[PDB]
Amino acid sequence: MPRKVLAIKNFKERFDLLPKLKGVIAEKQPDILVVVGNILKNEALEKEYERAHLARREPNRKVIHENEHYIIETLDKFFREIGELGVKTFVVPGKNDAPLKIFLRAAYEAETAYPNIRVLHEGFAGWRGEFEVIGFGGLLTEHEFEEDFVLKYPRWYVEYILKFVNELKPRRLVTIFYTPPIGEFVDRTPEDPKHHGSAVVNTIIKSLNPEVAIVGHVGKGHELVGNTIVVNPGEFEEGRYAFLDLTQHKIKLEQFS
């Protein structure tokens, strides 16, 4: 009774790569598809936010308004093209999948045509009566909190929201985060020894003790953090994905061939 998961991260508007993803789905027949953000590039919003904060000035919401048409059209295209792959799918937004209100409106709109898709952000879903799948997107940080120009959350809020996990049906826990924990591989690349994840996620993992964590942002690999198997699929732009068998705990980091 395998329970197979195909995961990608940093889709970053790479619709050109979806035919290859479709091929993998046909060949490997995953039970679920997990798409971790970033879904969008959305560079202008992020730059305005960062520039404004560095200059200690009020972020210019005109930048949001002038980019709304692009954000909406691109998100709608994402839900359609992912939906058409036809797999049960969980989507968790990245730092650039903002404004959150617009992202969630797109998710809502996708529900009738693509009932196979569920967005998980500060929320959960049961799967096959055996798992609880928890998602919490955005960049998790010590002290930053933003949802309009970018998605960033502070430790206190992440911990506050995730108190819900202890209220859930007792099941095998799978957590999906945009932000990876500090690890040897899962928050690093060979280009710098610096860690690009967050201690907040090590802390969440310690607190929740999930069986598996699927993570995004920067990193590639699989390793134990506490008792949790943490999997960072690597960059979708590099043709990379992860394939997990939750029944036998088989983890493979693969690349389109």
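One rule holds for the numbers: they count along the sequence shown, beginning at 1.
A.B. asks: Mean Cα B factor from the PDB record: higher for 97-105, or higher for 128-136?
C.D. replies: Of 128-136 and 97-105, the stretch with the higher C-alpha B-factor average is 128-136.
A.B. asks: Higher average CA B factor in the deposited record is what I'm after, so tell me if that's 48-56 or 29-37.
C.D. replies: According to the entry, 48-56 carries the higher average C-alpha B-factor.
A.B. asks: When the CA B-factors of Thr112, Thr89, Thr175, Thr141 are compared as recorded in the entry, which is the largest?
C.D. replies: Of the candidates given, the C-alpha B-factor peaks at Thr112.
A.B. asks: In terms of the chain's CA B-factor thirds, is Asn67 lowest, middle or highest?
C.D. replies: For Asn67, the deposited C-alpha B-factor lands in the highest third.
A.B. asks: By the recorded C-alpha temperature factor, relative to the other modelled residues in its chain, which third is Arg240 in?
C.D. replies: It falls in the middle third of the chain.
A.B. asks: Among the modelled residues of this chain, does the Cα B factor of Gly123 put it in the lowest, middle or highest third?
C.D. replies: Middle third, going by the recorded CA B-factors of the chain.
A.B. asks: Among all modelled residues of this chain, ranked by Cα B factor, put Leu151 in the bottom, middle or top third, i.e. lowest, middle or highest.
C.D. replies: As the PDB entry reports it, the C-alpha B-factor of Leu151 lands in the lowest third of its chain.
A.B. asks: Is the Cα B-factor recorded for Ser198 in the lowest, middle or highest third of its chain?
C.D. replies: Tercile = middle for this residue's CA B-factor.
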